[PDB]
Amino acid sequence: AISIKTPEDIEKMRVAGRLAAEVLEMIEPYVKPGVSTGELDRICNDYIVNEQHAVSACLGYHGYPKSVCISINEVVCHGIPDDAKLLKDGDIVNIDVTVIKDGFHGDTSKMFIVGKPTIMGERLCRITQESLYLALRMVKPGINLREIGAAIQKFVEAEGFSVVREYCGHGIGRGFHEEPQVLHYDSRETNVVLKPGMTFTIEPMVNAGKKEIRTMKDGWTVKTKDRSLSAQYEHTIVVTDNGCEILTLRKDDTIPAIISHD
């Protein structure tokens, strides 16, 4: 079954979601040429622990060594912050945050373009975010997740890009990853009709080249097989009576927090 959050639970999710979003708003100025992904991670963790009085759900999860995931260019996901990896002009970087506050999880990520942006990097990030937005605009009770996954894939592939199959969105609450699975492509296996109160994430991973990926030897880093650029954006949401509410909205988001279909 899919857990239907209570008004009280949803309010706790709003708090956790806001905190996650605020980590991304906070780190923005630090994402520039020369900075290491390792330092970015420490800055995020100190902020979460000392200022938000929360905890990173990533640190130690399934054995993950850091507080946030930072993936650059061809890295698809789960990039491990390293003191020796420095951002450079033109890089596109995803910082993925997940905070636990008062028992509930807030999960979100965004792409940052470092230094002078390249038109393709800028295009891939924009299209990826738009694929997330178009999906969010479809969320409402009665619709099947298969439809949303189908729409994301259709849009992304129409741009000459591909959708990563190995990873998906997920239900979220007191647990980091809960049912249901939220695929970002069409699958004959998906059959989940949305209901008010459900809280989950949408987080498409899009490759500029082919969909195939490769896992490095550190047991976490995932890259595109052809080494093409890959981008991702993620938001945690709650299904309302007539649509949804984005719990991890940021000041830079170009979409409203509350999406009504009334």
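The first residue of the sequence shown is number 1, and the count goes up from there.
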Stretch with the higher entry mean CA B-factor, where the candidates are 241-249 and 17-25:
241-249
With B-factors read from the PDB entry, the higher C-alpha mean of 38-46 and 209-217 is in 209-217
Residue of maximum C-alpha B factor among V156, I72, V99, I119, per deposited coordinates:
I119
Per the entry's Cα B factor values, which of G160, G106, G149, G171 stands out as the maximum?
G160
If you rank the chain by CA B-factor, which third does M138 end up in: lowest, middle or highest?
middle
Name the third of the chain's ranked CA B-factors that contains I92, choosing lowest, middle or highest.
lowest
Could you say whether, by C-alpha temperature factor, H177 belongs to the lowest, middle or highest third of its chain?
middle
Relative to the other modelled residues of the same chain, rank the CA B-factor of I113 and answer lowest, middle or highest third.
middle
Temperature factor at the Cα of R123, chain-ranked in thirds, falls in the middle
